[PDB]
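I have placed the structure first, in the form of C-alpha cells, so that the comments after it can refer back to it.
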Amino acid sequence: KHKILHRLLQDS
Amino acid sequence: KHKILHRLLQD
Amino acid sequence: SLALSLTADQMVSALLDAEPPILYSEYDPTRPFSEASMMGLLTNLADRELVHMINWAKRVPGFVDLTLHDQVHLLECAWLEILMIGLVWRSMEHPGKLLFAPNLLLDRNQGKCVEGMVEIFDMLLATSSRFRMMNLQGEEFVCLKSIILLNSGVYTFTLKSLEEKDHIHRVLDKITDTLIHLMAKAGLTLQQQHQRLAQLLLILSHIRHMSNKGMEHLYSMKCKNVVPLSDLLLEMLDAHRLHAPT
Amino acid sequence: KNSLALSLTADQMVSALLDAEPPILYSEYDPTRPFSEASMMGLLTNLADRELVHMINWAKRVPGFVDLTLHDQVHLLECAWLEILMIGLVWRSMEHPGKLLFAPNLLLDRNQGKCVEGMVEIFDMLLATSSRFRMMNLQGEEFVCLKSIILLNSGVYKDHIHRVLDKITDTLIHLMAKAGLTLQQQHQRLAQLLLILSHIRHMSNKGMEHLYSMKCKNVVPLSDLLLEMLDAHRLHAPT
Ligand SMILES: O=S(=O)(OC1C=CCC=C1)[C@@H]1C[C@@H]2O[C@H]1C(c1ccc(O)cc1)=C2c1ccc(O)cc1
Ligand SMILES: O=S(=O)(OC1C=CCC=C1)[C@@H]1C[C@@H]2O[C@H]1C(c1ccc(O)cc1)=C2c1ccc(O)cc1
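Protein chains in written order, with full-length UniProt numbering: chain A, 686 to 697; chain B, 686 to 696; chain C, 305 to 461, 465 to 553; chain D, 303 to 459, 472 to 553.
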C-alpha cells in the first residue's frame, strides 16, 4: 500500500 | 519574572 | 544528469517555467472571522496548493532523478517550508500583511483568531520584511524554493542510498552557482555576492524554524479536530506527527 | 554607538573566536555506559547544565554580542542554546564515525539513543551531520564562525546583527581563500556550510519539542537554569 503523495508523484 | 540568564549575562 | 548539464541561465528559465499558479481562497468578507473558519480557509488553501507543489517538484531539475521513496521523503519534510516561502514572497509588497491569496490579505491581528498562530504570523511578517529590504528577485526566490525542497530532507534519509545524497549535493552546488550568477549579472561586487548568498541561506534556517513551530501546532489534537482536515494534508502532517512526543 | 566587531580584521575575528572557545567538559565518571532512560537523561542534563555556564561566558566574548542590549542577549541565547550544544557535539564527534562524543569519557552510539523515547531519531540526525562535516573536512576556524552565526542568527526577526553576520561571512570567505580554494569553490563551500545550519536548526526544534514535554521534564530533576532555557521555547508550544 502506497500513500496519496506516492501515488501523485508516481502519476504520468 | 527574574531570569537566571539575566544575572549570568551581567559582568 | 540533465540538472548538471544546465547552464545557470537554463536553470533559472526551467525554475521560472515550473512555477505553480497563485490560488484563491474561499474567503467571504461578508462572513465574520473565527478560529474554525480561519483554520478552514487556510487548510483548504494549503490542500489545493499541495497538489500544484507535487507537480512543481517534478519539474525541479534533478528531482525526478531520485527514487520515488526519496521524492516522497523530501516533500514530506519540506512542504510547509515551501508554502511559507511562497507566502512570504507574495507578501513582500504588502507591509504588515500576509497575502495568503489575492482575495485573502491578513494582518497580525487576524492571526490572533487561532491559538498559537500570531507568533508564527509575526515570524512570517519579519521574513517578508527581510525579503523586501533585500529587494529579493523572482529569479533568486525560485532558486531558494528549490534549495528548500532538495536540502530539507537530505540528512534524515546501503551504498545505493548514498549515491542519492551525492546527486542532491551536486544539484544544490548547481543552484548556488545559479544564485551567484544572478548576483554577478546584477552588478554586485564579489564581496556583495558572498554576503547576499549568505544572507539568503541564513533566512532558510528561519524558514525551517517557522515550519517546525507551525507543524507542531498543526499536528496538535486541537488543530487536527478544529476543522475536518483533508486526507493528503493529514498524511503530510503525520509524516511529522510520527516523530513528535506522545 | 559603533561596535568594535566591525573594525576587527578577518584574522582578528578568527583569533577572537578561537580564543573564546569554551573547554571540552567531562561527564561525571560515577555512572558508566548508560542503558536506562534515567541514567542517559541524568548524564546529558548534568553535562548540558555545566556547558551552559561556559556558553554564556563564550557568547559575551563573540564580537558584536556585548553591543546588544541585555534583553537581546537573553533572547539570542534562549533561541540558540540547543543548536550551539549540538554543533559543538557534532564537531567533537567528527573523528569518531558512527559515535557521538558527548564528552571524552562519554562516547555514545545510536543503540544508547534507544534508551530514551524519541532520542534515537535525533541521534541519527546528529551522526549524519557529524559525518557530513567530516567528509567536508570542516576546519576549526570555520567551526567557530558557524557557531557564532548560529548565536546571532537564532532569533527570527536588526541592523547591527546583520552587519556582524556580514563580517562573519567575509571571515569564512577569507579562510577558504587562505586555504587555496577558487572563487567557485569558495561560494560552493560557503553555501554547503550554511545549508547545514538549516539542519542544525531542525535538530534543535525536534529535540527541544521532546525536552520540554512533561514526560521528558519528569525523568530526572532539572537545574533551575536548564528549566528556564526550556520554558523560553515551551511558551510558544501548543496547549
Ligand atoms: O504555521 S502556521 O501559522 O500554522 C499554525 C496553525 C495554528 C496555530 C499555529 C500555527 C501556518 C502558516 C500559515 O498559517 C498556517 C498555514 C496553514 C498551512 C497548512 C494547514 O494545514 C493549515 C494552515 C499557513 C499557510 C497556508 C498556505 C500557504 O500558502 C502558506 C501558509
Ligand atoms: O535533542 S536531544 O536528543 O534531546 C532529546 C531528549 C529526549 C528525547 C528526545 C530528544 C538532545 C541532543 C543531545 O541528546 C539530547 C541532549 C540533551 C541536552 C539538554 C538536555 O536538557 C537534555 C539532553 C543532547 C546534548 C547534550 C549536551 C551536548 O553538549 C550536546 C547535546
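Heads up, the beta-carbon is just placed ideally off N, CA and C, and yes, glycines get one too.
When Cβ-Cβ separations below 8 Å define contact, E423 of chain C makes no contact with chain A. Selection D:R436, D:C417, D:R515 evaluated against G344 of chain D yields D:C417 as nearest (Cα-Cα).
When the beta-carbon positions are compared, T431 of chain D and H356 of chain D stay at least 8 Å from each other. Annotation: the continuous beta strand (DSSP E) that includes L403 of chain D extends over 402-405. No Cβ of chain C is located within less than 8 Å of the beta carbon of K686 of chain A.
Legend: CB atoms of the stretch 535-551 of chain D lying less than 7 Å from CB atoms of chain B belong to residues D538, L539, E542.
Residues of the stretch 374-408 of chain D with a C-beta atom less than 9 Å from some C-beta of chain B are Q375, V376, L379, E380, listed in chain order. When C-beta atoms of the stretch 507-521 of chain C are compared with those of the stretch 487-500 of chain D, fewer than three pairs fall below 8 Å, so the two segments do not count as touching. Exclusion of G344 of chain C from the 7 Å shell around ligand 1 follows from its C-beta lying no nearer than that to any non-hydrogen atom of the ligand. A residue is called buried when at least 16 other Cβ atoms come within 10 angstroms of its Cβ; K481 of chain D meets this threshold and is buried. If you check the C-beta of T347 of chain C against ligand 1, you find a heavy atom less than 7 Å away. Proximity to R335 of chain D across D:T485, D:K529, D:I326, D:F404 peaks at D:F404, based on C-alpha coordinates. Following the DSSP letters along the chain, one finds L310 of chain C in no alpha helix (DSSP H), marked with neither H nor E. Between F425 of chain D and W393 of chain D, the CB-CB gap reaches or exceeds 8 Å. Selection D:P406, D:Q375, D:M437, D:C530 evaluated against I689 of chain B yields D:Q375 as nearest (Cα-Cα). By the 16-neighbour rule on beta-carbons within 10 angstroms, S450 of chain D is buried. Distances from the alpha-carbon of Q314 of chain D to those of D:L408, D:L486, D:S395 put D:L486 closest. Look at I424 of chain C: its beta carbon is less than 7 Å from one of the heavy atoms in ligand 1. Per DSSP, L370 of chain D is not a residue of any beta strand (DSSP E), being assigned neither H nor E. Distances from the CB of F404 of chain C to the heavy atoms of ligand 1 include at least one below 7 Å. The beta carbon of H474 of chain C sits no closer than 8 Å to any beta carbon of chain D. Your pair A322 of chain D and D484 of chain D does not check out as a contact, with CB atoms roughly 18 Å apart and the cut at 8 Å. Membership of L693 of chain B in the alpha helix (DSSP H) is indicated by the continuous run 689-694. For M528 of chain C, the distance from the CB to the nearest heavy atom of ligand 1 is not below 7 Å. The beta carbon of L391 of chain D sits closer than 7 Å to at least one heavy atom of ligand 2. Considering only D:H474, D:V458, D:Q506, the residue with the shortest C-alpha distance to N439 of chain D is D:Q506. Nearest CB-CB separation between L372 of chain C and chain A: below the 8 Å threshold. Within the stretch 403-459 of chain C, the complete alpha helix (DSSP H) segments of 4 residues or longer fall at 421-437, 442-455, listed in chain order.
Relative to ligand 2, the nearest heavy atom lies less than 7 Å away from the CB of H524 of chain D.
With a beta-carbon spacing of about 10 Å, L346 of chain D and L540 of chain D fall beyond the 8 Å limit used to define contacts.
In the DSSP annotation of this structure, the continuous segment of the alpha helix (DSSP H) that includes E542 of chain C starts and ends at 538-548. Annotated as distal: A307 of chain C and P399 of chain C, with beta-carbon spacing of 8 Å or more. The beta carbon of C447 of chain C sits closer than 6 Å to those of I482, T485, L486, all from its chain and outside the five residues before and after it, given in chain order. With respect to the C-alpha of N304 of chain D, the residue from D:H501, D:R515, D:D473, D:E330 having the closest C-alpha is D:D473.
For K401 of chain D, same chain residues with a beta-carbon under 6 Å away, outside a window of 5 residues either side, are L409, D411 in chain order. By the neighbour-count criterion, in which a residue is buried when 16 or more other Cβ atoms sit within 10 angstroms of its Cβ, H687 of chain B is exposed.
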